[PDB]
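Here is the structure we will look at.
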Amino acid sequence: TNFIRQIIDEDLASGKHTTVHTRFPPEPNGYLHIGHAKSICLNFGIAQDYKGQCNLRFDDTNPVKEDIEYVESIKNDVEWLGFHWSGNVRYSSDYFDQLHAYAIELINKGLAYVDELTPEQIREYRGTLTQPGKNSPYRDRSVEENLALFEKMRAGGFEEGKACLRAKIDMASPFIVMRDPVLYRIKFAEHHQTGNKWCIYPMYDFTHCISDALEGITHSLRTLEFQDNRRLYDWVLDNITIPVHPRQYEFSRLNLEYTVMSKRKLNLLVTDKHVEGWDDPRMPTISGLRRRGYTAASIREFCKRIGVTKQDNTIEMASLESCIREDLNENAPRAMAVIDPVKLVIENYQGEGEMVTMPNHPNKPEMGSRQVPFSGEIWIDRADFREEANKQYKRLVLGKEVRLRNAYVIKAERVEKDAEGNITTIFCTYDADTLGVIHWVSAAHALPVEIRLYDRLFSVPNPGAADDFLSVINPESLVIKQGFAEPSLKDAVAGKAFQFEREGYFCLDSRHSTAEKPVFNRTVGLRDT
RNA sequence: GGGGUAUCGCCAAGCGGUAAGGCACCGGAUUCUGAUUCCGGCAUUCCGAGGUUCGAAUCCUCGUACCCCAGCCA
Ligand SMILES: Nc1ncnc2c1ncn2[C@@H]1O[C@H](COS(=O)(=O)NC(=O)[C@@H](N)CCC(=O)O)[C@@H](O)[C@H]1O
């Protein structure tokens with residue numbers, strides 16, 4: 001429960017409403033991030049919890065910043081998260097004609113006029129946060145001139161920035177938004193939905209209140225930066241002929257430590273090629289997390305946990321991670337994989353090999369079991385063998401022994417180093433019938449694998465607050481390793497996650513895995529204390 | 001100037017009866033994953049200072065900190 005849901009309960013009870021109708025209205029000017037997920041869960045979640053409706057509307061009022069690839073990727077993300085919208089997908093562009101007609105109604109009521117102040121003068125005439133603005137010398141044109149001048153704008157008779165439509169309100173309002181807000185501006189750009197039919201586009205504030213109203217929206221839910229906008233929102237609907245007046249509510253926007261959360265900054269990371277793309281596994285985008293291995297249910301869980309309030313906040317990576325660990329720990333089948341391999345021979349072993357059974361899930365037999373190949377030449381992680389080490393070290397130590405996961409107990413005996421003195425192969429002996437603990441892979445049956453370990457994109461908690469956030473990127477946000485996995489992973493499918501015992505949760509695709517050389521992304525490491 | 005928010009490290013309930021929960025953390029028990037699971041601990045105070053009240057984090061007052069607004073962006 002959150003304040004907004006309680007308001008809804010109140011509205012329902014009092015009969016003010018009989019159905020709830022929300023909307024998710026992103027601008028297709030980039031991909032969606034975990035923040036947008038919070039909005040998606042909120043808006044669609046309320047819809048299904050109350051048997052209401054949630055529309056998917058592309059707020060496409062600015063052609064030069066938008067692209068068809070973005071709308072495509074957005075429908076994709078919303079669908080992947082697990083939500084369905086009301087009827088067809090909607091586009092603000094579907095209302096250009098309506099918007100144009102409503103602009104004409106305002107002009108007719110003397111509430112709007114064509115201003116010819118340059119883009120620099122409008123700022124000069126706007127006043128400041130502490131000084132009132134001043135009326136434009138064109139503010140009192142007659143209905144007829146405005147009507148004529150507006151038509152010229154629509155017809156392309158004005159070069160960009162030479163004219164625009166403004167609402168006639170109050171140049172001396174403490175709300176800078178009421179200082180004669182621009183309704184329409186000229187843009188000779190092609191629109192991904194309307195082609196070149198328009199050379200004038202409606203602004204956000206004008207478009208949104210009308211789109212919500214025509215769509216029958218009952219609760220327009222957005223973020224805190226739009227609180228000031230509410231006054232203009234109500235002003236517009238109050239002055240045009242439209243039957244419904246949706247109520248607005250603002251919640252705080254999500255912030256995650258060690259990353260940025262604005263399409264503008266994320267896009268910069270894409271354009272300057274510092275990440276592979278919007279869906280790079282290190283990105284806080286929804287598609288990036290998906291490729292990283294997060295489940296749509298783990299994201300819905302996270303959104304549910306962080307809550308919806310009016311307080312500024314920055315969640316910790318640990319929280320998001322706990323969500324993904326909870327899911328995978330329960331559903332991900334276990335497998336063996338060695339990231340930093342070192343040859344280990346069991347001089348004691350006779351033959352070409354045998355087969356040992358391993359649980360597909362240690363704490364869940366119902367998830368079945370599988371046959372895994374064991375032999376005399378195996379790979380173990382270079383970090384699980386110490387010639388000495390303290391008393392805490394519970395792994396392989398020269399002279400001492402360790403249990404091979406779901407297999408035999410081996411005793412390190414003789415080690416062998418190379419030129420620079422690095423160990424090349426560890427010699428051990430195994431007990432006839434013996435079935436800490438370390439994982440392993442039979443060298444002979446091992447599947448060569450590329451393992452991509454990921455880490456926080458940035459070095460600091462709040463990279464957004466840095467002068468040059470790019471200069472604070474973590475050089476080790478991605479580190480690639482070549483290792484060995486049990487033959488079993490030969491069937492691994494993209495997106496599907498596995499737990500590589502004693503390491504973490506991994507998944508395929510990564511956009512790079514082939515048939516010859518598979519690529520696994522570390523979604524997240526195991527809780528290691 | 002206007003609009004907002006201040007409750008345990010990070011989130012977050014609480015709407016006058018006198019501090020939920022999650023994440024994190026600290027112990028202990030399990031365990032062929034130093035994982036998981038499982039017990040136990042963790043704000044005598046709710047930005048601060050007065051005030052109304054039998055009693056407030058929840059009502060009032062004066063403060064203080066932080067966030068958003070001066071795109072023909074959204
Ligand atoms: N970090 C964050 N945390 C949580 N919610 C966030 C968010 N960033 C954006 N949002 C919300 O996502 C929705 C779409 O984002 S967006 O594509 O930028 N488009 C817009 O903001 C505007 N076209 C919508 C205006 C409105 O809804 O009043 C918008 O509704 C916006 O409020």
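Chain naming here is simple, since letters A, B, ... match the order of the sequence lines and numbering starts at 1 in each.
Nucleic acid contact for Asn329(A): sugar-phosphate only, since backbone atoms but no base atoms lie under 4.0 Å from a heavy atom of the residue. Residue contacts shown for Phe175(A) are limited to sugar-phosphate atoms, with no base heavy atom under 4.0 Å away. Within the 4.0 angstrom heavy-atom criterion, base atoms lie near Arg334(A). Heavy atoms of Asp528(A) sit nowhere under 4.0 angstrom from any nucleic acid atom. Among the atoms of the strands shown, base atoms are found under 4.0 Å from some heavy atom of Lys394(A). Nucleic acid contact for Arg405(A): base, since at least one base atom lies under 4.0 Å from a heavy atom of the residue. Residue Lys187(A) is in sugar-phosphate contact alone, with no base atom involved, counting any heavy-atom pair closer than 4.0 Å across all strands shown. Looking at heavy-atom distances under 4.0 Å, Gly436(A) makes no contact with the nucleic acid at all. Counting non-hydrogen atoms under 4.0 angstrom, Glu503(A) reaches nothing in the nucleic acid. Residue contacts for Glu27(A): at a heavy-atom cut-off of 4.0 Å it reaches the sugar-phosphate backbone alone, with no base atom in range. Using a 4.0 Å heavy-atom distance criterion, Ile438(A) is classed as making no nucleic acid contact. Using a 4.0 Å heavy-atom cutoff across all strands shown, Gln499(A) reaches at least one base atom of the nucleic acid. Counting non-hydrogen atoms under 4.0 angstrom, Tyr201(A) reaches nothing in the nucleic acid. At the heavy-atom level, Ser173(A) lies nowhere under 4.0 Å from the strands shown.
A donor N or O paired with an acceptor N or O is found under 3.5 Å between the base of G9(B) and the side-chain atoms of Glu316(A). Residue side chain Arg395(A) reaches the base of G34(B) through a donor-acceptor N/O pair under 3.5 Å, judged by distance alone. Below the 3.5 angstrom threshold, one finds a donor paired with an acceptor across the side chain of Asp228(A) and the base of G2(B).
Relative to the side chain of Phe226(A), the nucleotides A74(B), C72(B), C32(B) differ in distance, and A74(B) lies closest. When distances run from any side-chain atom of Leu129(A) to the nucleotides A70(B), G3(B), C73(B), the shortest one goes to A70(B). Distance from the side chain of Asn406(A) is smallest for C32(B) among the nucleotides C32(B), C72(B), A24(B). With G1(B), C72(B), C25(B) as the candidates, the nucleotide lying closest to the side chain of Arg126(A) is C72(B). Of the candidates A12(B), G3(B), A24(B), the closest approach to any side-chain atom of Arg231(A) belongs to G3(B). In the set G3(B), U5(B), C32(B), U5(B) carries the atom at the smallest distance from any side-chain atom of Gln311(A). For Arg305(A), taking side-chain heavy atoms from C-beta onward, the closest of the listed nucleotides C72(B), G22(B), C73(B) is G22(B).
Here the separation of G55(B) from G17(B), taken at their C1' atoms, is 6 Å to the nearest Å. Atom P of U58(B) sits at a distance of 10 Å from the matching atom of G48(B), rounded to the whole Å. Spacing of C1' atoms, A24(B) relative to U18(B), comes out at 29 Å, to the nearest Å. When the P atom is used for both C8(B) and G2(B), the distance is 29 Å, rounded to whole Å. Comparing the same atom, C1', in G3(B) and in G50(B) gives a spacing of 27 Å after rounding to whole Å. Between the P atoms of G21(B) and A13(B), the separation comes to 14 Å (whole Å). Rounded to a whole angstrom, the distance from the P atom of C47(B) to that of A65(B) is 16 Å. Nucleotides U37(B) and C25(B) place their P atoms 13 Å apart, quoted to the nearest Å.
Stacking of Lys187(A) on the aromatic ring of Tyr201(A) is not recorded, the 6.0 Å distance cut-off and the 45° axial limit not both being met.
Pairing for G40(B) is with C26(B), a Watson-Crick or G-U wobble pair whose two hydrogen-bonding atom distances lie under 3.5 Å. In this structure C15(B) sits in no base pair that meets the Watson-Crick or G-U test at under 3.5 Å. As the counterpart of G1(B), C69(B) is assigned, both hydrogen-bonding distances of the Watson-Crick or G-U wobble pattern falling under 3.5 Å.
By the 4.0 Å N-to-carboxylate-O rule, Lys304(A) lies too far from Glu301(A) to be salt-bridged with it. The pair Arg230(A)-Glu250(A) meets the salt-bridge criterion, since a charged nitrogen lies less than 4.0 angstrom from a carboxylate oxygen. One finds a salt bridge joining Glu486(A) and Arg370(A) here, because a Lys/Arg side-chain nitrogen approaches an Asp/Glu carboxylate oxygen to under 4.0 Å. Between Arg57(A) and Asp94(A), no side-chain nitrogen of the basic residue sits less than 4.0 Å from a carboxylate oxygen of the acidic one, so the salt-bridge criterion is not met. Under the 4.0 Å criterion applied to side-chain N and carboxylate O atoms, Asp170(A) and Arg179(A) are not assigned as salt-bridge partners. Between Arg5(A) and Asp49(A) there is a salt bridge, since a side-chain N of the basic residue sits under 4.0 Å from a carboxylate O of the acidic one. At a threshold of 4.0 Å, the pair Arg141(A)-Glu116(A) counts as salt-bridged, since one of the basic side-chain nitrogens sits closer than that to a carboxylate oxygen. Salt bridge present: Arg405(A) and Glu501(A) bring a charged side-chain N and a carboxylate O closer than 4.0 Å.
Computed from coordinates, the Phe251(A) CZ to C11(B) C1' distance equals 16 Å when rounded to whole Å. For the pair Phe374(A) CZ and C32(B) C1', the interatomic distance rounds to 14 Å; values are reported in whole Å. In this structure, the CG atom of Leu526(A) is 9 Å from the P atom of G34(B), given to the nearest Å. The separation between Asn229(A) atom CG and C68(B) atom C1' is 10 Å, rounded to whole Å. Straight-line distance from the CG atom of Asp431(A) to the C1' atom of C32(B): 14 Å, rounded to whole Å. For the pair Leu396(A) CG and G34(B) P, the interatomic distance rounds to 14 Å; values are reported in whole Å. Protein atom CD1 of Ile306(A) is 11 Å distant from nucleotide atom P of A13(B), rounded to whole Å. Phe3(A) places its CZ atom 16 Å from the P atom of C11(B), with the value rounded to the nearest Å.
The six-membered rings of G4(B) and its strand neighbour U5(B) lie with centres under 5.5 Å apart and planes within less than 30°, so the two bases count as stacked. With the rule of ring centres under 5.5 Å apart and planes tilted under 30°, the neighbouring bases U53(B) and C54(B) are not scored as stacked. Stacking of the bases of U44(B) and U45(B) is not indicated, since the six-membered rings fail the criterion of centres under 5.5 Å apart and planes under 30° apart. The six-membered rings of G48(B) and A49(B) are stacked: centre distance under 5.5 angstrom, interplanar angle under 30 degrees. Judged by ring centres closer than 5.5 Å and planes tilted by less than 30°, the bases of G28(B) and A29(B) are stacked on each other.
A Watson-Crick or G-U wobble pair joins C47(B) and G63(B), with the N1-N3 or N1-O2 distance and the second distance both under 3.5 Å. Pairing status of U58(B) against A35(B): not a Watson-Crick or G-U wobble pair with both distances under 3.5 Å.
Between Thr529(A) and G34(B) there is no side-chain polar atom (N or O) within less than 4.0 angstrom of OP1 or OP2. Between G34(B) and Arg502(A), a contact under 4.0 Å exists linking OP1 or OP2 to a side-chain N or O.
If you look at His100(A) and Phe150(A), their ring centroids are closer than 6.0 Å.
Taking 90° from 0 as the syn/anti boundary, the base of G16(B) is oriented anti.
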